[PDB]
Amino acid sequence: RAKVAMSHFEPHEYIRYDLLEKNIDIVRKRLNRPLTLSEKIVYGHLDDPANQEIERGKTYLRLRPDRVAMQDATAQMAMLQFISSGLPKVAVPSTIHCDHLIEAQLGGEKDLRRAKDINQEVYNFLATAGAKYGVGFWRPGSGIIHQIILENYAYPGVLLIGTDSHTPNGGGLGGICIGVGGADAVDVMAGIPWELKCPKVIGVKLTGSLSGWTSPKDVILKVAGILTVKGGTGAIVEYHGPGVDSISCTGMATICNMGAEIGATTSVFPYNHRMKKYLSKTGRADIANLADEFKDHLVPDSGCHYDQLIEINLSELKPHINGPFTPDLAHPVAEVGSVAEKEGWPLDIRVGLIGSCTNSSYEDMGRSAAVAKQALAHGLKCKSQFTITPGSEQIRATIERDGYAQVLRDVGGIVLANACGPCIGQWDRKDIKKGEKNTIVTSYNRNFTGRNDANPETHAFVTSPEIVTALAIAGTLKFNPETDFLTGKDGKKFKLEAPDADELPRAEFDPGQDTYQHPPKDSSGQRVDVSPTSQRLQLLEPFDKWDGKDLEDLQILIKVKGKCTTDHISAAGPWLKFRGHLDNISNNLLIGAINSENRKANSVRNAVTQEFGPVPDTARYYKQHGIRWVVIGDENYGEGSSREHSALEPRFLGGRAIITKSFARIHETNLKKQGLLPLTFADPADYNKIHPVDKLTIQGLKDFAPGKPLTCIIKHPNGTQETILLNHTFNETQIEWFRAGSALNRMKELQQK
Ligand SMILES: O=C(O)C[C@@H]([C@@H](O)C(=O)O)[N+](=O)[O-]
Ligand code: SF4
């Protein structure tokens, strides 16, 4: 066919649109109906298109991803599991991106230099494991993972998996990009088929066109308020309609990115001329030309059926700001000042932060600079503190060159290193005391309790970078940039003009400094050293195989009330220091979750001593004394980040099962991967029958089977017993993970010993 390389770094790995076409055609001969775009790319990557059972929402698909991307907070545990497998080399193109361990403190270069000293052990481990197993490595300072992927690796029709829940960002270039836990990436790097429950498809028809202050971020802030944080669970969101051509390629990536906050499996846009333009400007005109020849397979079929359809008129959309503690509490910017006032949310904005993978593009920096130059023209600077994260080294070099960085510095901003930084709590914040009630507004995507600064009383609102810039200039949530007046130096009142900016540099991008490190694909005689006394890195010891018995008289470690995100289960911020050390990071287990017994975080009754104390300490006491335990959870347990540490930590501290009203997808898959039992109530009202004092017997594990419920006997202290049924979504592949003790244990059994 054509021999067009997958990227500039892998000149030998060719795009296989011929394979894709071939597979799409096998499947449509079987289904005899129009396929959506996500169905074309997902079913086009089936390991066995001829025999795979395909029912949306019901069958598990065995897929062959094109490439794997990992960032340094999840790559450490994915590579320690890969090192346990004993396999010598990764089977598909794979990269590690170092973006999570650079703490915001001093800004830019000084923070990068410090992170390189402080995190030397970890960066060394990843570069060495990368050289040994054939994984490309983007050095600290390269940029945030999803911006490097859009710029170098994502292309129309790719199926990419990344160990990060915002991997859907790549949907802005027409690929299917899906977030997974480190153990799922091990399957694909190992070469074994990856399984994914066949998605439902929600279609979002965009009409009209964006005007003025409304930006791509407002489309997904509105969709999140409509669908709620659990409304996209088990579905791919497919954007289509005449309004699509009004959005830049990084704008489409912004909308796909935050589809993660409604629990969607991923989001995608059809190949179009804005994508083509972005591919040409990033040195991939040959890939845009090839995609032009295969265009039919890169847009939806005429008349395809969406399981749910939502229509959004871009022309009537207004600026939104979402929060404070959920990203789906959606307010128009024009009303947030009054809802805050009524609700007791602090009205002054202490810090305005632009960045994260969701909004750190060249265009986002240009639109922020366009608001800021107007303030500067009237002798104003930011009333709030203001920080700016460029998404990649290329964007940093180019916004510097094209003058936007100096405008943002002159209004009072501090440019931070090209890294997550304050978005996962890597921020040495000292303007507030812990527990001080305050408001920050960000262009990020999540605003979960204590995630940005570990202060549970910080009220964080997420919005677009141009609205963060306008609110930082005013310093108060009571400011609508569309209607209100600022007062210049000169005494005149003036109004902010809606920002206008180029979506891409007029000249070419400036690449900035060299930050990619190709594997020696020669040498690979690297020994990966993990010191046995390391506090940051620890080799894994396998979990125990299932004993063949039912689980009786299980202790409830904690019955959780309400929202319980993976940031409540395994906090980030200061704990990122231990993402390669299981025993040390297990000390944060469930410290943010609210206990229904007393409505406190990190305070549970130890059943034996009858003292209330920290959840990790109590779990370790139960483990020490042979008491097997359970967590009881409410709805959408495990919402958020893909960090498999939220599943590895309960396994390690002696947990057996997590029984909830519902689970978020990636967390439920991670629980099964680590040999725990994720179970849901067959009647959610049964959550109210279980009291923290009850003991539970899960019965029927001997004939554990797809589609058959398990019985749970609730043993009340007064002698009363009640029996309830619990559902599971295990297929026989996954029951083998549970019988072996983990998926990694099962994989190692299949290596003939
Ligand atoms: O905890 C992690 O490292 C992965 C994660 C992170 O980038 C996050 O935003 O919480 N995520 O979203 O998947
Ligand atoms: S959401 Fe924040 S922490 Fe996660 S990859 Fe994006 S910028 Fe980094």
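Sequence order as written determines residue numbers, which begin from 1 on each chain and need not coincide with the entry numbering; residues that lack coordinates are not included. Both sets of labels track the order of writing: A upward for chains, 1 upward for ligands. Water and hydrogen atoms were dropped before computing side-chain values, which therefore reflect all heavy atoms in the structure.

- Judging from the entry metadata, X-ray crystallography is the method by which this structure was determined, and 2.0 Å is the reported resolution.

Section: the overall build of the protein chain
For step 1, the next point in the chain: Looking only at helices and strands, the protein chain has 23 helices and 30 strands in total.
For step 2, the next point in the chain: Taken against the 2.2 N^0.38 rule, which gives 27 Å for 753 residues, the C-alpha radius of gyration of the protein chain at 25 Å falls within 12% of a compact globule.
For step 3, the next point in the chain: Dimensions of the protein chain along its principal axes, counting C-alpha atoms only, are 80 × 60 × 55 Å.
For step 4, the next point in the chain: Buried residues are those whose accessible area, probed at 1.4 Å on protein chains only, stays under 20% of the maximum for their type, while exposed residues exceed 50% and partly exposed ones sit between those limits. Buried positions account for 63% of the 753 residues belonging to the protein chain.
For step 5, the next point in the chain: For the protein chain, contacts bridging at least 24 residues in sequence account for 75% of all contacts bridging at least 6.
For step 6, the next point in the chain: Here the accessible surface of atoms and residues is derived via Shrake-Rupley with a 1.4 Å probe, and residues count as covered only by protein chains that are part of the display. Summed over all atoms, the accessible surface of the protein chain reaches about 25,600 Å², with 52% contributed by carbon and sulfur.
For step 7, the next point in the chain: Within this scheme the basic residues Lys and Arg register as positive and the acidic residues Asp and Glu register as negative, but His and the chain ends are omitted. A single reference atom marks each charge: NZ on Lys, CZ on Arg, CG on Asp, CD on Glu. Distance between charge centroids for the protein chain: 2 Å, based on 88 positive and 89 negative side chains. Secondary structure is summarised from DSSP: a helix means a run of H or I of at least four residues, a strand means a run of E of at least two, and numbering begins at the N terminus for each. The globule rule used here is 2.2 Å times the number of residues to the 0.38 power, and the radius of gyration it is set against is calculated over C-alpha atoms. Any two residues having at least one pair of non-hydrogen atoms within 4.5 Å are treated as being in contact.

A look at helix 1 (residues 17-31)
For step 1, the next point in the chain: Over its 15 residues, helix 1 runs 21 Å from end to end, which matches the ideal 21 Å to within 8%, given 1.5 Å per residue.
For step 2, the next point in the chain: Here the buried face of helix 1 lies against helix 2 (37-43) and helix 11 (285-293).
For step 3, the next point in the chain: Where helix 1 terminates, the next one or two residues include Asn32, which has phi positive at roughly 50°. For a helix, the expected span equals 1.5 Å multiplied by the number of residues minus one.

Here we look at the pairing of strand 3 (residues 94-97)
For step 1, the next point in the chain: With burial as the criterion, each face of strand 3 is covered, one bearing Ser94 and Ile96 and the other bearing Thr95 and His97.
For step 2, the next point in the chain: Following the chain from strand 2 (residues 67-71) across helix 3 (residues 75-85) to the adjacent parallel strand 3, one finds a crossover that is right-handed.
For step 3, the next point in the chain: Sheet analysis places strand 3 next to strand 4 (residues 136-138), joined by 3 bridges and oriented parallel. Residue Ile96 lies in a different strand from strand 4, and its bridge partner there is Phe137. Every crossover in which the path from the first strand over the helix to the second runs clockwise, viewed with the strands pointing away from the viewer, is termed right-handed. One requirement defines pairing of two strands: DSSP has to find at least two bridges between them.

Overview of the packing of helix 3 against helix 5 (residues 120-133)
For step 1, the next point in the chain: Whenever a helix is involved, its axis is fitted only over the stretch in contact; in every case the axis is a line through C-alpha atoms, and angles between N-to-C directions fall within 0 to 180 degrees. At a closest axis distance of 11 Å, the pairing of helix 3 and helix 5 adopts a crossing angle of 45°. In terms of orientation, helix 3 and helix 5 fall into the oblique class. Relative to helix 5, helix 3 is oriented so that their crossing is left-handed. Here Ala75, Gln76, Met79, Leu80, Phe82 and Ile83 of helix 3 come into contact with helix 5, specifically with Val122, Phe125, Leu126, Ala129 and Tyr133.
For step 2, the next point in the chain: Classification convention: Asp, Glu, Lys, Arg as charged; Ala, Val, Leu, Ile, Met, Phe, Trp, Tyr, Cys, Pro as nonpolar; all other residues, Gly among them, as polar. Residues of the contact of helix 3 with helix 5, tallied by class, amount to 10 nonpolar, 1 polar and no charged. Our angle categories are set so that under 35 degrees counts as roughly parallel, over 145 as roughly antiparallel, 65 to 115 as roughly perpendicular, and the remainder as oblique. Each helix crossing is assigned a hand: it is left-handed if the near helix lies turned anticlockwise from the far helix by less than a right angle, otherwise right-handed if that turn is clockwise.

With respect to the site of ligand 2
For step 1, the next point in the chain: Around ligand 2, a shell composed of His100, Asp164, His166, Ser356, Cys357, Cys420, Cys423, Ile424, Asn445 and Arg451 is seen.
For step 2, the next point in the chain: Partitioned by chemical class, the residues of the shell around ligand 2 number 4 nonpolar, 4 polar and 2 charged.
For step 3, the next point in the chain: For the shell around ligand 2, the domains that each give at least three residues are domain 1 (1-201) and domain 3 (315-489). Nearness of a residue to a molecule or strand requires only that one of the residue's heavy atoms be within 4 Å of it. The source of the domain bounds is an automatic or database domain assignment.

With respect to the sheet that holds strand 8 (residues 200-207)
For step 1, the next point in the chain: Taken together, 4 strands build an open sheet; the order of strands is 10-9-8-11 and the sheet is parallel. Single-partner strands in this sheet number two, and they are strand 10 (266-268) and strand 11 (308-313). Ignoring strand direction, the axes of neighbouring strands in this sheet form an average angle of 20°.
For step 2, the next point in the chain: Alignment of strand 8 against strand 11, held across 6 bridges, turns out to be parallel. Directly across from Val204, in strand 11, lies its bridge partner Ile310.
For step 3, the next point in the chain: Running at roughly 135° to strand 11, helix 8 (residues 216-227) makes contact with strand 8, strand 9 (235-240) and strand 11 of the sheet.

Quick look at helix 16 (residues 465-474)
The periodicity of an α-helix, 3.6 residues per turn, causes residues three or four places apart in sequence to face the same way.
For step 1, the next point in the chain: In terms of burial, helix 16 is a largely internal element, 9 of the 10 residues being buried.
For step 2, the next point in the chain: Just beyond helix 16, the residue with positive phi is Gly475, at close to 80°.

Describing the domain arrangement of the protein chain
In many analyses, interface size is given as the accessible surface area lost on bringing the parts together.
For step 1, the next point in the chain: Looking at the protein chain, the domain boundaries give domain 1 (1-201), domain 2 (202-314), domain 3 (315-489) and domain 4 (533-753).
For step 2, the next point in the chain: Distance from the C-alpha centre of domain 1 to the C-alpha centre of domain 4: 28 Å.
For step 3, the next point in the chain: Counting residues at the interface gives 36 residues for domain 1, matched by 31 residues for domain 4.
For step 4, the next point in the chain: For the pair domain 1 and domain 4, the summed buried surface comes to about 2,700 Å²; carbon and sulfur atoms form 56% of the total.
For step 5, the next point in the chain: Using a 1.4 Å probe, buried area is obtained as the accessible area two parts lose upon being combined, added over both of them. Counting the surface domain 1 buries against domain 4, the share from its top three residues, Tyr60, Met77 and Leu80, is 22%.
For step 6, the next point in the chain: Definition used for salt bridges: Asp or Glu carboxyl oxygen within 4 Å of a side-chain nitrogen of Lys or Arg. At the junction of domain 1 and domain 4, the tally comes to 1 salt bridge.
For step 7, the next point in the chain: Between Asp187 and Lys673 there is a salt bridge whose closest N-O contact spans 2.7 Å.

Considerations on the site of ligand 1
For step 1, the next point in the chain: Around ligand 1, 13 residues are found, and the nearest of them are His100, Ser165, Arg451, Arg579 and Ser642.
For step 2, the next point in the chain: The definition of a polar contact used here is a pair of N or O atoms within 3.5 Å, where within protein one atom must be able to donate a hydrogen and the other to accept one, and adjacent residues in sequence count solely through side-chain atom pairs. The contact in question runs from an oxygen atom of ligand 1 to an N or O atom on the side chain of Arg451, over 2.7 Å.
For step 3, the next point in the chain: At a separation of 2.8 Å, an oxygen atom of ligand 1 approaches a polar side-chain atom of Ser642.
For step 4, the next point in the chain: Taking 330 Å² as the accessible area of ligand 1 by itself, protein coverage stands at 96%.
For step 5, the next point in the chain: Partitioning the shell around ligand 1 into residue classes produces 2 nonpolar, 6 polar and 5 charged.

Section: the sheet that holds strand 28 (residues 695-699)
For step 1, the next point in the chain: Around the barrel, which closes on itself, the 7 strands sit in the order 22-25-26-27-30-29-28 with mixed pairing between neighbours. Averaged over neighbouring strand pairs, the angle between their axes works out to 40° when direction is ignored.
For step 2, the next point in the chain: Inspection of the sheet shows strand 28 paired to strand 29 (residues 710-715) by 5 bridges, in the antiparallel sense. Bridged to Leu696 within strand 29 is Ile714.
For step 3, the next point in the chain: With respect to the sheet, helix 19 (residues 615-624) is in contact with strand 22 (551-559) and strand 25 (629-632), its orientation differing from that of strand 22 by roughly 165°.

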